[PDB]
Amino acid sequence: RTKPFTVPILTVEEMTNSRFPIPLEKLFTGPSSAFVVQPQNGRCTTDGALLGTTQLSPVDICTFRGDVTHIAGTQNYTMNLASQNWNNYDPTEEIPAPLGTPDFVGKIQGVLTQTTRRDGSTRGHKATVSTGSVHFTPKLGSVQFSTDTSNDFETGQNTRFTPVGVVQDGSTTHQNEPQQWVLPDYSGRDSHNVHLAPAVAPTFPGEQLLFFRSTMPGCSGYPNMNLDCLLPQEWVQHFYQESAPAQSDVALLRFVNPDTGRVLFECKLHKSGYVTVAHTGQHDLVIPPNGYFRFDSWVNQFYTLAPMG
């Protein structure tokens, strides 16, 4: 028959957040009609099509490579983006932004590094990229960093940003940023994002999205550190390898505790890449650390889940 569908046998803690390069920590559910769930990283159909700005590398998420140019009279640099392999980035490719581009509005702190080609000399400096900034225009091929130097980086040299965590301004409302559910303007002010992966939503009574949650490192302030993704990076990687044809609307998963051998809850993995559970309210799931997801069968949308604990 057709190639059988599967999800990785991996506990939540062995897996990686698909929207920022750190491990998953937990499963969280809550109502989502008050915000727009349209992330562009961590988007993949169950049969293996990548969507949005999603790519395979768990470490190249929220990274940037290119050449930098000082902005006279400031401590900021403009980076002209190059591709993941140092090729030119093409703005006309039909994606929202370079694959891996961050998909939330926030200030991401990380380190800008550079080797000088003629001698192998090296430099590294603290740098922030502000994704809601008017100069965040990855889709046009350009992004801007604020740093703690003014003369160190050289023009025409390979430069790389490594993300570390996020930042918020402490004299304003605690946890007011980042805003994990607002996409940046990939092309700047007054321009529409294009080729986005579809916003998603529960579409059955009783049901809520299930999120795979990490905590972002915080570098300064009182940032909102929560980061929910719709698929672990390892699942994206798996669906891409397997390419199993979806046989109905939903793949029914069981989350099992191997110590008791008992199913703890079931959920729906929709064909176009996210999960729902039967629950009303915000809930941090309590799970055994060695619990894992296993595919059960392909069922219709109208399948009724047993209430999640």
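Counting begins at 1, following the sequence as shown.
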Inset, instruction - Go through the other compared entries with residues on either side of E177 and state whether a third or more give it no coordinates. - result: yes
Inset, instruction - Please report whether at least a third of the other compared entries leave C219 without coordinates. - result: yes
Inset, instruction - Take the C-alpha B-factors listed in the entry for 63 to 71 and for 237 to 245, compute each mean, and give the stretch with the larger one. - result: 63 to 71
Inset, instruction - Please work out which of 174 to 182 and 227 to 235 has the higher mean CA B-factor as recorded in the PDB entry. - result: 174 to 182
Inset, instruction - Could you say which of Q157, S214, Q208, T162 has its CA atom at the highest B factor, as listed in the PDB entry? - result: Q157
Inset, instruction - Taking the values exactly as deposited, rank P258 by C-alpha B-factor within its chain and report the matching third: lowest, middle or highest. - result: highest
Inset, instruction - Consider only the C-alpha atoms of the modelled residues in this chain, order them by B-factor as the entry records it, and name the third containing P98: lowest, middle or highest. - result: lowest
Legend entry - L264 by Cα B-factor - lowest, middle or highest third of the modelled chain: highest
Legend entry - Position of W86 among the chain's modelled residues by C-alpha B-factor, lowest, middle or highest third: highest
Legend entry - Among modelled residues of the same chain, the CA temperature factor third for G110: middle
